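Here's a solo chain for you in structure tokens, the form deposited without tetramethylrhodamine-5-maleimide.
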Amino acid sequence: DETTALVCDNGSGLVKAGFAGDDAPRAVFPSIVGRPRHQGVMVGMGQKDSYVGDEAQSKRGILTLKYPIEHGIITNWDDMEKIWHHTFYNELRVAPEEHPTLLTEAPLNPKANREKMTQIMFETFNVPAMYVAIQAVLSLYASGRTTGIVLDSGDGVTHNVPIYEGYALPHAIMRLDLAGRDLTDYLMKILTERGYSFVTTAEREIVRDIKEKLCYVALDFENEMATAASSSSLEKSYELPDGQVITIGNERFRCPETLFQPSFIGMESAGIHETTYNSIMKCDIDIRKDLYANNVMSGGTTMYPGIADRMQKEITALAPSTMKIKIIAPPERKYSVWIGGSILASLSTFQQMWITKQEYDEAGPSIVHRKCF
């Protein structure tokens, strides 16, 4: 009777899991699987051939870390099973065969991804029911709105989905593959100018931590260049795990800048501001004002200081002067996708939209295409 549903927002970098109804995710941990790369010499030591999640970042210096999901597409279908097993048994401590599960996905992904997710859920873990939903839609549920264009940016993909009164405009959906992982790689590349060298997958985590703790979005890129070149006030220090101290200057705001100028990492695509403006323009003329008044930002990549201010500045420059540009950046936007998923899964109206085991048994893995979205 009172069978609580499961919401598993399995992103490219972090896995968010919990129960439908809770305020915050129960388990958050990196989506990595590590394997030993050295020689084991002590006989009788605990021999594990795989480390998943937080356990793989504690024994991080003797492992090779591999993300099973890149750009929102699952490339390794055994590491992903390992991660799902960890999430279900070792993190949530629940039996997968007695809880309906809700999964999230990027807007434009290959259909094979959804089909294999369906097959794995219904044949390996034997879930009673399943549903796959768009993260950008769940962001609106979290924000408590029915109208607005949402800018979701994790570390695999960045996408915009405009919605008006619960109606989505598919032709105005945009998808970019520039995200937090590319930001980390660009920072790791530009750190070599000062002398610091990070190559290993273990050092990639250190670079990501430096990015998260020191990087910010500059409102005026040229002036911030001038200030950084003329003074050391913008310089900050960070201590490496071995005790060495590094100092970074203009990199703090050069690294996040690639969001607005993707040409830095060699991409021809436009910035997030231009992408959002084009997505708004693709919609109907009447919808545009309400879309301007409601810009919802979600994802970890949107957590840089000043990103909302610069986004408002750029969209104000692009948009007509009469229109009022409002950037909605909730403080908990890092978990808005999961919160919206929980709200959606906790609705009575949603309980007849689950894909049940009988329908899968009679239709095959293609039932998800006609049921979910």
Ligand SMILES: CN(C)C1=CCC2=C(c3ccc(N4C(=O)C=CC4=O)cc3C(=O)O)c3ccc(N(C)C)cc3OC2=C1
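Numbers follow the displayed sequence, beginning with 1.
There is another form of the same protein, the form deposited with tetramethylrhodamine-5-maleimide bound; it is not shown, and what comes next is about it.
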Given tetramethylrhodamine-5-maleimide superposed in from its position in the deposited bound form using nearby C-alphas, should this pocket be scored open or blocked (3 or more ligand atoms within 2.4 Å of backbone or C-beta)?
blocked
Is residue 347 a contact residue for tetramethylrhodamine-5-maleimide in the deposited bound form, using a 4.5 Å heavy atom cut-off?
yes
Whether residue 141 contacts tetramethylrhodamine-5-maleimide in the deposited bound form should be assessed with a 4.5 Å heavy atom distance threshold; does it?
yes
Flag residue 353 as yes or no: does it have a non-hydrogen atom within 4.5 angstroms of any non-hydrogen atom of tetramethylrhodamine-5-maleimide in the deposited bound form?
yes
Does the 4.5 Å heavy atom contact test between residue 84 and tetramethylrhodamine-5-maleimide in the deposited bound form come out positive?
no
